[PDB]
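**Student:** Have a look at this one before I ask anything.
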Ligand SMILES: O=P(O)(O)OC[C@H]1O[C@H](O[C@H]2O[C@H](CO)[C@@H](O)[C@H](O)[C@H]2O)[C@H](O)[C@@H](O)[C@@H]1O
Ligand SMILES: O=P(O)(O)OC[C@H]1O[C@H](O[C@H]2O[C@H](CO)[C@@H](O)[C@H](O)[C@H]2O)[C@H](O)[C@@H](O)[C@@H]1O
């Protein structure tokens with residue numbers, strides 16, 4: 001009888017995900033739904049378990065933070081009462097980010113500032129959005145502006161950024177684009193230690209931690225706050241029959 | 001029919017709370033319970049709502065992160081299937097930290113290192129544990145060792161640490177004890193800006209973010225990881241009838 005929605009994040013300690021969750025919560029409370037959280041840790045098996053538990057407890061709707069391994073078949077019992085965040089699936093409502101647009105905007109900014117030797121610190125191509133799309137957008141920009149690409153794809157963790165930044169720092173390098181704020185935080189620790197002050201850093205996130213600690217890093221906002229509001233509203237709209245599933249892309253903005 | 005436990009944190013973006021949650025999750029999965037999270041944001045009214053929703057959905061047990069405003073009367077329908085974390089209540093199972101012990105250990109280390117002018121950056125006395133107990137432990141140490149106390153109690157936020165650190169720095173000040181890692185992170189940003197390198201910082205938390213960014217800060221571990229394991233085990237023990245409610249205090253440890 002109580003209206004309940006579930007939010008399935010991949011990581012409870014992810015700042016990027018928490019920023020989207022922060023705007024979902026007031027929108028759900030205003031709609032009369034009490035929100036509950038669950039964590040997947042990128043496991044499709046754990047997601048399949050959560051979904052069954054939620055179904056048997058008659059939960060009204062689900063906001064699922066998508067990742068590689070989620071199949072349409074495991075989302076079958078939730079077609080009309082589920083919204084995917086960060087990934088899309090045919091016949092499902094989704095709220096996605098503009099990864100290519102985020103990288104092109106950042107690369108243009110660095111290029112207009114005079115930077116020609118810009119290195120990249122990213123995540124492996126198995127991670128479709130943060131990894132593949134972001135890295136390929138960097139490559140497409142380098143190709144179009146006859147720049148020499150220098151990249152390393154260690155992964156998501158701050159410590160991975162710290163351990164692999166030296167690999168992409170060359171004598172001619174003046175700027176470093178990090179696929180995530182977390183990676184920029186790790187890379188920044190190494191540069192501070194080695195007393196490298198000459199490098200302009202750039203990252204995707206615009207998280208409050210990044211803004212506070214490194215005001216000098218150029219950041220691009222993927223729109224986590226907006227994504228959260230949209231996902232909550234799309235979910236309530238379809239569970240109340242006011243809307244059919246839509247696929248929304250949040251535009252990236254600079255500063 | 002599915003076994004479910006709820007974890008009610010105050011803030012989803014609190015690193016200190018997430019460290020306790022991190023060790024609760026594997027212990028619940030091993031016991032056969034699927035964990036769900038809710039957020040209170042220090043509102044007793046919101047807690048009263050969550051508890052009712054959980055009761056009507058027949059949730060097996062609750063781990064509640066305590067704060068000022070929670071009464072025994074609102075916990076009445078959960079006496080045997082609830083564990084409090086960070087605060088105690090008569091007749092309730094609880095897992096608490098040693099706030100006084102954490103401050104005494106840190107002050108002794110700073111004192112043994114030769115520091116005599118130690119300033120304090122804390123949180124107001126209305127926050128019983130982080131605020132009152134931590135600040136009073138600092139005062140008791142200063143009294144016992146004939147030291148001059150210099151303190152400011154702005155609150156929990158990183159920005160509050162940054163804005164109020166200047167107030168407690170005197171020309172004789174050699175060390176600064178921060179009630180939380182978050183406060184030390186904020187104070188550290190100000191000191192970096194003002195090019196103050198002479199100060200020895202100390203904080204309570206030993207969070208991975210602090211350890212990675214500031215290896216030079218002296219930290220005390222309140223035992224969030226241990227607290228999480230204990231709370232999960234005390235909860236499953238009482239819901240299965242293996243145990244009666246206990247009040248556990250986790251010892252603080254240095255490094
Ligand atoms: O370091 P954090 O703050 O966690 O940011 C990293 C990254 O996090 C998210 O991407 C990851 O999770 C999503 C699901 O939420 C997956 O679909 C991706 O494959 C993961 O990479 C954000 O979407 C990213 O913008 C952010 O940079
Ligand atoms: O800045 P964070 O990492 O959140 O640490 C601050 C502080 O957080 C917790 O205290 C607060 O929440 C508890 C309930 O979880 C309340 O009982 C306190 O009154 C609040 O101050 C931790 O218990 C503290 O150790 C930590 O420093």
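Heads up, residue numbers simply count up from 1 along the chain you see.
According to its header, this structure was worked out by X-ray crystallography, 2.4 Å.
Placed from the backbone N, Cα and C atoms, the Cβ positions cover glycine too.
Positions annotated as alpha,alpha-trehalose 6-phosphate binding site by Swiss-Prot, on the basis of experimental evidence: A:11-17, A:66, A:87, A:127-130, A:134, A:182, A:224.
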**Student:** Sequence order please: the binding-site residues A:11, A:13, A:17, A:87, A:130, A:182 that have their Cβ under 8 Å from a chain B Cβ, otherwise just none.
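**Tutor:** Near chain B: A:13.
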**Student:** Return the residues near residue A:87 (alpha,alpha-trehalose 6-phosphate binding site) by Cβ distance under 8 Å, restricted to its own chain and a separation of at least 6 in sequence.
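**Tutor:** Same-chain residues close to residue A:87 (alpha,alpha-trehalose 6-phosphate binding site) (Cβ under 8 Å, separated by 6 or more) are A:66, A:67, A:70, A:94, A:96, A:128, A:129.
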**Student:** Counting Cβ neighbours within 10 Å across all chains shown, tell me which of the binding-site residues A:15, A:128 comes out on top.
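**Tutor:** Ranked by Cβ atoms within 10 Å, first place goes to A:15.
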**Student:** Compile a sequence-ordered list of residues in the same chain as residue A:17 (alpha,alpha-trehalose 6-phosphate binding site), six or more apart from it, whose Cβ lies below 8 A from its Cβ; state 'none' when nothing qualifies.
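**Tutor:** Once residues fewer than 6 apart are set aside, residue A:17 (alpha,alpha-trehalose 6-phosphate binding site) is near A:9, A:10, A:11, A:65, A:224.
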**Student:** Which residue, of the binding-site residues A:11, A:182, has its CB surrounded by the fewest other CB atoms within 10 A?
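**Tutor:** So among A:11, A:182, the binding-site residues given, the one with the fewest Cβ atoms within 10 Å is A:11.
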